[PDB]
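First comes one chain, alone, set out as structure tokens in the form deposited in one PDB entry.
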């Protein structure tokens, strides 16, 4: 029985819609208001998903919310890239069924560069032939990929959990591979892909923060929970107090 993968499939969120009005001309304020609403809705699902992951209760209660909050943007990026690949072969960014970005919308959103980096990530899911099971284990690992310089309340419990998710990824890679060289090559590819999420998430964090600071001038609404993340947690990342764990750092 593949217990670990059984769980990851079982907990995977279903479809989340933004509530956007597609039946009006595009505007920056409406697009970003809808993206923010989608982010709030996604956050509720990400919390419920994370809390149901294998071993998640091993973390100190004081650390559980913090790692979700730090990782939320990257998790959104990685899952949206997958949706975009699977649903539309990377032709568009599939933020939600009712919030699909073509290049016009990427431009209108003022996050064109971030968007095209996400489109490239989408493409990579196909070029690398990422399997659904690789995707699920990678996404879980991505939750455990950002830590504070000053330490979590219980860093050792986090460290052990992270280790265990890397071991699961090793197990998934080795399943149909009959050769430690083939396993190594695949691990290299997958860890490179995971590392590539991080600069995208940082760019999106910078945009989110800048937009929140000017939000009252540009008519863009930020829902409560995601606003709190952007004003409390995100600056800790952007100031370097909280940093990603890069597999391939130098």
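Positions refer to the first chain, counted from 1.
The protein also exists as the form deposited with a partner chain bound; that form is not presented, and the subsequent description refers to it.
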Query raised in the report: Is residue 64 close enough to its partner chain in the deposited bound form to count, meaning some heavy atom within 4.5 Å?
Result: yes
Query raised in the report: Is residue 51 close enough to its partner chain in the deposited bound form to count, meaning some heavy atom within 4.5 Å?
Result: yes
**Report entry** Distance check, residue 229 to its partner chain in the deposited bound form, heavy atom within 4.5 Å
**Finding:** yes
Query raised in the report: Do residue 44 and its partner chain come within 4.5 Å of each other in the deposited bound form, heavy atoms counted?
Result: yes
Requested in this report: Let me know the one among 213, 218, 183, 225 whose heavy atoms come within 4.5 Å of its partner chain in the deposited bound form, would you?
Outcome: 225
Query raised in the report: Taking its partner chain in the deposited bound form as the reference, which of 200, 190, 68, 35 has a non-hydrogen atom within 4.5 Å?
Result: 68
